[PDB]
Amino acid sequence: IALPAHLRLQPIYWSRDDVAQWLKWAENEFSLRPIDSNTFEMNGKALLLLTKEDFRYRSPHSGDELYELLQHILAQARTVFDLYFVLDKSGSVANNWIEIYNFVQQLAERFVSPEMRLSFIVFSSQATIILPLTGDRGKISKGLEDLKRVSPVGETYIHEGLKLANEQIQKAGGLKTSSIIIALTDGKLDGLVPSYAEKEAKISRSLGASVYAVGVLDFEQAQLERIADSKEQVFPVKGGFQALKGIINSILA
């Protein structure tokens, strides 16, 4: 499971009842020795004032861990959803790269806010994180300039691209954010790559993320249905901006 809705808010707004809820959720998510619901009889503000020693004093068996758990929640700030762009830059898209860039550009510019964090990942014969997971506007702007300078060449090892999104969802994802993976590609895979891509996409859904596939050029509908979570999460680029704008506006509540 994942942080409950009440806990999706910044800790500073947490009620005393929220703090108790947080403790039980943590015990299950981290297999901790159960603690009394009255181990932290205070609100979020007060919890923020406690030292790590206070946590260890109140919970000798799990206080250090709970304290660190709280730090990670704080590190997400106001983020509510993380959006990962896994972009095909193979030779097949060398004459339609601007179509891919404009698609990322419009969605990025639309949803830049303290609630959103973006990552730009490109993949061909090798994968590269162009923009690490961030919600900072200046970083997002430079990331778009880097993205416009991609020279599409190579094979289509989409599993490598999805791996770079999975790793970030493990390290920085979860907690108060829902992760979405937008793979733009034509779905023309070779050899064992289809199995690798489906295996890598299986990791993504195990991390609680939803995989969307945006078909570029004459795209392989069947393949993208095996990468994405379902048939309804596979659409072409034309209208894909309006389609994704609705699903993101929806996940915003």
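In this text, residue numbers run from 1 along the sequence as written.
Undergrad: 148 to 156 versus 102 to 110: which one carries the higher mean Cα B factor per the record?
TA: So the stretch with the higher mean C-alpha B-factor is 148 to 156.
Undergrad: Comparing 128 to 136 with 91 to 99, where is the mean C-alpha B-factor higher?
TA: According to the PDB entry, the answer is 91 to 99.
Undergrad: Just grab whichever of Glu41, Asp54, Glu68, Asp190 has the top CA B-factor as deposited.
TA: Largest recorded C-alpha B-factor: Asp190.
Undergrad: Sort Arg58, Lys199, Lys45, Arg33 by C-alpha B-factor from the entry and give me just the highest.
TA: Each of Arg58, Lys199, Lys45, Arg33 was compared by C-alpha B-factor; the highest is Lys199.
Undergrad: Split the chain's modelled residues into thirds by Cα B-factor; is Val237 in the lowest, middle or highest one?
TA: Within its chain, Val237 is a highest-third residue by C-alpha B-factor, going by the deposited values.
Undergrad: Relative to the other modelled residues of the same chain, rank the CA B-factor of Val80 and answer lowest, middle or highest third.
TA: It belongs to the highest third of the chain when residues are ordered by C-alpha B-factor.
Undergrad: Taking the values exactly as deposited, rank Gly208 by C-alpha B-factor within its chain and report the matching third: lowest, middle or highest.
TA: Its C-alpha B-factor, which the entry lists for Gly208, ranks in the highest third among residues of this chain.
Undergrad: Compare the C-alpha B factor of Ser141 with those of the other modelled residues in its chain, then answer lowest, middle or highest third.
TA: Its C-alpha B-factor, which the entry lists for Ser141, ranks in the middle third among residues of this chain.
Undergrad: Name the third of the chain's ranked CA B-factors that contains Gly63, choosing lowest, middle or highest.
TA: Lowest third of the chain for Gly63's C-alpha B-factor.
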